[PDB]
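Single chain ahead, written as structure tokens, the form deposited in one PDB entry.
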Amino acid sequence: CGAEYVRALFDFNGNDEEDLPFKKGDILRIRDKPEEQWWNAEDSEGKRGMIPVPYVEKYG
């Protein structure tokens, strides 16, 4: 896409440290990147959290 679009192939609704919940095949937009591992993305609910980049992928 381009509009900071990332898909979560993995699942982890959990929240070890206030992480961002998601499943396999979820859509999450890339907002900011406070960390090098976890980025602040927005799930399909305007929920901004630190989603794992290694758990999600980049869209076209």
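Residues carry their position along the shown sequence, with the first being 1.
One more form of this protein should be noted, the form solved in complex with a partner chain, which is absent from this view; the next part is about it.
Under a 4.5 angstroms non-hydrogen atom cutoff, the partner chain in the deposited complex has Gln37 among its neighbouring residues. Proximity of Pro21 to the partner chain in the deposited complex: non-hydrogen atoms within 4.5 Å are absent; the residue sits far from the partner. By the criterion of a heavy atom within 4.5 Å, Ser44 is excluded from the residues contacting the partner chain in the deposited complex.
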